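Taking our numbering, the leading residue of the sequence shown gets 2, the next gets one more, and so forth. Where a beta carbon is used, it is the ideal one built from N, C-alpha and C, also for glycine. To start, the structure itself, in structure tokens.
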Amino acid sequence: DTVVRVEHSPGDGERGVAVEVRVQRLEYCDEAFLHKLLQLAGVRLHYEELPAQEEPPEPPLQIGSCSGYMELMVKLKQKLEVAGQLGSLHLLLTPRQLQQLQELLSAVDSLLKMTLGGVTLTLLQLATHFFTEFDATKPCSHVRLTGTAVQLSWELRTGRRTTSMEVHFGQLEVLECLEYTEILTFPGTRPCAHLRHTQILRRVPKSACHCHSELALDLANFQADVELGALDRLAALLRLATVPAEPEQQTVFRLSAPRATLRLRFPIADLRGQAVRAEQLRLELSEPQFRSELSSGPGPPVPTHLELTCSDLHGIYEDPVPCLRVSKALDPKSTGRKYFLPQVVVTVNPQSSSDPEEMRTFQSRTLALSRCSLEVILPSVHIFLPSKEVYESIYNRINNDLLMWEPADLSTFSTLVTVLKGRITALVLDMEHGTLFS
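See the structure below:
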């Protein structure tokens, strides 16, 4: 007999979401490792409980039916680890403030879990219904965190829930509006896609929902980010919810690897063929890099950094063929054993914030004022592919598509270069201790 003995129960019904553990469209066949084989399919975050007095006239589209059997129901009360057939649900409502506050209020132990298939979450900030269907299995506006073979280990150290989560697979995040113009990350295997510590939303780590989410993903394999339409289409969707169309946390995002295939494309957005700047630019199979540091609030009062490091990365840039094909920096400098390497630093400051000595100080002052940036420290790169032309190709690309890339961020910016040895391939480079400014 399909004993239906479950419904909405007492719970902290959030402002934006209704706390109602509903087992809908499921034969709840229940027949200290106490197992009651069940079907919790149908848990729905219909949500919209705050707007328009629950918005009863228009219930939110984000709803889940048959969201995972979870039949095994491993373990019982005592580290309440559960081996399940349901991965997770997706709060398609704003995953910055409302969903974060709901999660923080609900969490207010060290339980673990082991899901199956990595539901295709579509938190946008019936797609969430697709996420629920994928939990049953577990162009744009297609933000998807779907580890096909979910190796999620929800550490969930609630002891102020200093939670954690280590996975062996990765998502595919086409992050877009509410032309293949978004990122296309395809990390997949554990080292190949070592997704780690995705969310905290707990007052213990930080004191949005006080995340302090050190998502220091440390992978060491291909994990190709095949396409990346823009860096900016990334600051807007992170500070604001999202303002694209068809067209107190401190997010410390660290990433170190010997090898991680990657594509970097500039940001030329209408709000602030393809983008003009750096046509066909690829930091191919370079070091993983692209480590960021962001914040939920728009116009970050603290500055935003974006670092990079690489020993001899074979980044085919502006590819015909790279104008510079390897960092090639064997430049020991200090008294101790040192090996200098390249870096591409970025330092963005909020909009409307607040010659050995002449040329240096003038552009230092110009660097203290930021509406965009760019920075390079190449010790001995000096490189160029055998197919390259400093006379022609560099002129045709890195001088035309250089500053006309919608330079503005929240067009007073700066630029530096520094080389201890240079080679202008094709011819008298003669370069030692040289720079370039703008």
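Task: Residue from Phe132, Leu117, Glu28 and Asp320 whose Cα sits closest to the Cα of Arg398 - done: Here residue 398 corresponds to residue number 397 of the sequence shown, with the count starting at 1. Looking at the Cα atoms, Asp320 is the closest of the given residues.
Open item on the list: Please give me, in chain order, every unbroken run of the beta strand (DSSP E) with length at least 3 that falls completely inside the stretch 303 to 350.
Closed with: Entirely contained in the stretch 303 to 350, the beta strand (DSSP E) runs reaching 3 residues are, in chain order, 305 to 308 and 347 to 349.
TODO: Determine, using beta-carbon pairs with one atom in the stretch 393 to 412 and one in the stretch 332 to 340, whether at least three such pairs fall under 8 Å.
DONE: no
- [ ] Specify, as a first and last residue, the run of the alpha helix (DSSP H) that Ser107 falls within.
- [x] Looking up residue 107 in the sequence shown gives position 106. First-last of the alpha helix (DSSP H) with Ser107: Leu99 to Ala108.
- [ ] Measure the alpha-carbon distance for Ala242 versus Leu94 and round it to whole angstroms.
- [x] The count along the sequence shown starts at 1 and reaches residue 242 at position 241. The count along the sequence shown starts at 1 and reaches residue 94 at position 93. Their backbone Cα atoms lie some 10 Å apart in a straight line.
TODO: Evaluate contact between the stretch 215 to 235 and the stretch 184 to 204, counting only Cβ atoms and requiring at least three cross-stretch pairs below 8 Å.
DONE: yes
Open item on the list: Please identify the residue among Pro387, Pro248 and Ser296 whose C-alpha is closest to the C-alpha of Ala276.
Closed with: Mapped onto the sequence shown, residue 276 falls at position 275. Of the listed residues, the one whose Cα sits closest to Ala276 is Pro248.
TODO: Label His9 either buried or exposed according to how many other C-beta atoms from any shown protein chain fall within 10 Å of its C-beta, with 16 as the threshold for buried.
DONE: As a position in the sequence shown, residue 9 is number 8, starting the count at 1. With fewer than 16 other Cβ atoms within 10 Å, it is exposed.
Task: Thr426 to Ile378 span [Cα, whole Å] - done: Looking up residue 426 in the sequence shown gives position 425. Looking up residue 378 in the sequence shown gives position 377. Computed Cα separation, rounded: 19 Å.
Task: Burial state of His434 (16 or more Cβ within 10 Å) - done: One-based indexing of the sequence shown puts residue 434 at position 433. So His434 counts as exposed.
Open item on the list: Measuring straight from C-alpha to C-alpha, what distance separates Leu403 and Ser439?
Closed with: Residue mapping note: residue 403 aligns to position 402 of the sequence shown, counting from 1. Residue mapping note: residue 439 aligns to position 438 of the sequence shown, counting from 1. C-alpha separation (whole angstroms): 10 Å.
Task: Beta-bridge partners of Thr186, as assigned by DSSP - done: Sequence index remark: in the sequence shown, residue 186 carries index 185 (1-based). DSSP output for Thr186 lists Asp226 as bridge partner(s).
Open item on the list: With a threshold of 8 Å on Cβ separation, who are the neighbours of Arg283 within its own chain once the five nearest residues in sequence on each side are excluded?
Closed with: As a position in the sequence shown, residue 283 is number 282, starting the count at 1. Excluding positions up to five away in sequence, the list reads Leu263, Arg264, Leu265, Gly316, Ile317, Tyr318 and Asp320.
- [ ] With a cut-off of 8 Å on the beta carbons, I'd call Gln290 and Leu256 a contact; round off their distance for me.
- [x] Mapped onto the sequence shown, residue 290 falls at position 289. Mapped onto the sequence shown, residue 256 falls at position 255. The beta carbons of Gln290 and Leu256 sit about 6 Å from each other, so the pair counts as a contact at 8 Å.
TODO: Starting from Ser365, trace the alpha helix (DSSP H) both ways and give me its first and last residue.
DONE: Locating residue 365 in the sequence shown gives position 364, where the first residue counts as 1. Taken as a continuous stretch (DSSP letters only), the alpha helix (DSSP H) holding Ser365 covers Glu359 to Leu368.
- [ ] Return the CA-CA distance between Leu176 and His143, expressed in angstroms with no decimal places.
- [x] By 1-based counting over the sequence shown, the position of residue 176 is 175. By 1-based counting over the sequence shown, the position of residue 143 is 142. About 6 Å.
Task: Where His211 sits in the DSSP three-state scheme - done: Along the sequence shown, one-based indexing puts residue 211 at 210. Secondary structure at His211: coil, using DSSP grouped into helix, strand and coil.
Task: Candidates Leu342, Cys324 and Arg326, of which the one nearest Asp332 by Cα - done: On the sequence shown, position 331 is the one that residue 332 refers to. Ranking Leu342, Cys324 and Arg326 by Cα distance to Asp332 puts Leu342 first.
Open item on the list: For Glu308 and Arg45, what's the separation of their Cα atoms in angstroms?
Closed with: As a working note, residue 308 is residue 307 in the sequence shown. As a working note, residue 45 is residue 44 in the sequence shown. Near 41 Å, if we compare the C-alpha coordinates of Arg45 and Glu308.
Open item on the list: Less than 6 Å between C-beta atoms, sequence neighbours within five positions excluded: which residues of the same chain meet that for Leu238?
Closed with: Position 237 of the sequence shown, counted from the start, is the residue given in the question as residue 238. Hits under 6 Å: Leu176.
TODO: Count the CB pairs spanning the stretch 288 to 302 and the stretch 362 to 377 that are closer than 8 Å, and state whether there are at least three.
DONE: no
Task: At least three beta-carbon pairs within less than 8 Å, the stretch 22 to 33 to the stretch 49 to 62 - done: No: fewer than three Cβ pairs fall under 8 Å.
Open item on the list: Given this structure, state the Cα-to-Cα distance separating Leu428 from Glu390, to the nearest angstrom.
Closed with: Position 427 of the sequence shown, counted from the start, is the residue given in the question as residue 428. Position 389 of the sequence shown, counted from the start, is the residue given in the question as residue 390. If you take the alpha carbons of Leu428 and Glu390, they lie about 11 Å apart.
Open item on the list: Using a 10 Å radius around the Cβ and a threshold of 16 neighbouring Cβ atoms, would you call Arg6 buried or exposed?
Closed with: If you number the sequence shown from 1, residue 6 lands on position 5. Its Cβ having fewer than 16 others within 10 Å, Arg6 is exposed.
Task: Close Cβ partners of residue 1 (< 8 Å) along its chain, the five nearest in sequence each way excluded - done: Limits of the chain in this structure are 2 at one end and 439 at the other, which puts residue 1 out of reach.
TODO: Determine the direct distance from the alpha carbon of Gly118 to that of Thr149, and round the result to whole angstroms.
DONE: For the purposes of this step, residue 149 is taken as the residue at position 148 of the sequence shown. For the purposes of this step, residue 118 is taken as the residue at position 117 of the sequence shown. In a straight line, the C-alpha of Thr149 is about 5 Å away from that of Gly118.
Task: Residues bridged to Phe438 (per DSSP) - done: For the purposes of this step, residue 438 is taken as the residue at position 437 of the sequence shown. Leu417.
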